[PDB]
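K.L.:
Attaching a single structure in structure tokens format; questions to follow.
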Number of protein chains: 2
Amino acid sequence: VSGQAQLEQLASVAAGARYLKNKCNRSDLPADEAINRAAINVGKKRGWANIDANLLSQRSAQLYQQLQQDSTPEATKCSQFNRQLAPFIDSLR
Amino acid sequence: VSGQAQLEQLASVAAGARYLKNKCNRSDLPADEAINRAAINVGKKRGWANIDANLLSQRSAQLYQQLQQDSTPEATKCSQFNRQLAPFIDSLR
């Protein structure tokens with residue numbers, strides 16, 4: 001798994017969890033900084049090279065903008081992300 | 001904890017999880033029958049007397065109607081229930 005793919009995967013889950021928290025009424029999720037830490041922890045558990053938290057934050061903010069600007073209806077977004085992120089959310093808890 | 005309170009607590013979590021699944025885009029939750037089984041399992045873990053699944057189903061349907069007919073805005077409902085049910089959802093998974 002390349003460093004590029006590692007960053008992309010962790011940034012994707014962080015961005016999606018932030019979107020759920022902010023836009024899909026997932027008030028059980030923790031604050032953005034804690035979501036970032038949880039994504040770093042997923043990487044650490046896999047034995048991945050140390051991922052810089054600020055690089056993760058920058059990439060995750062770009063992916064969050066992508067999820068926001070996409071014109072898919074919000075209910076469809078929220079349904080998809082709640083399903084796709086269920087494993088990540090179990091880890092962060 | 002009285003039998004009445006046991007039934008009410010389990011029916012409440014079952015009803016709320018069904019509401020999340022149906023009305024709050026929680027497509028990661030399982031089907032109604034599995035939600036009912038998961039609520040029975042919460043009771044079993046606590047050592048509670050065997051709760052009849054059909055009585056649980058009947059009471060949970062009444063509580064679900066209550067959650068539906070309440071005039072609180074849906075975003076507020078979904079936010080509250082996602083927070084309150086997070087422990088139950090961790091058990092069912």
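Ligands are numbered from 1 in the order shown, residues from 1 within each chain, and chains are lettered A, B, ... in the order they appear in the structure tokens.
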Please provide as a PyMOL selection string all residues within 12 Å of residue 21 in chain B, with the sequence filter that same-chain residues fewer than 3 positions apart are discarded (counting only C-alpha atoms).
P.N.:
(chain A and resi 78-79+82-83) or (chain B and resi 14-18+24-32+34-35+64+78+81-82+85+89)
K.L.:
Give me the residues within 12 Å of residue 9 in chain B as a VMD selection string, counting only C-alpha atoms and dropping any in the same chain fewer than 6 places off.
P.N.:
chain B and resid 1 to 3 15 to 16 39 to 40 42 to 43 48 51 56 59 to 60 63 85 88
K.L.:
To one decimal place, how far is CA of residue 58 in chain B from CA of residue 6 in chain B in Å?
P.N.:
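Computing it gives 14.2 Å between the two atoms.
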K.L.:
My list of candidates is B:72, B:54, B:66, B:84. Which is closest to chain A when distances are computed with only C-alpha atoms?
P.N.:
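Counting only C-alpha atoms, the residue closest to chain A is B:84.
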K.L.:
Out of A:38, A:57, A:46, A:22, which residue has the shortest atom-to-atom distance to chain B when counting only C-alpha atoms?
P.N.:
A:22
K.L.:
What does the distance between CA of residue 33 in chain B and CA of residue 23 in chain A come to in Å, to one decimal place?
P.N.:
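Answer for the CA of residue 33 in chain B to CA of residue 23 in chain A separation: 28.8 Å.
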K.L.:
So that I can check the secondary structure, give me every residue of chain B assigned helix (DSSP H, G or I) by backbone DSSP, as a PyMOL selection string.
P.N.:
chain B and resi 3-23+32-46+53-69+74-84+86-92
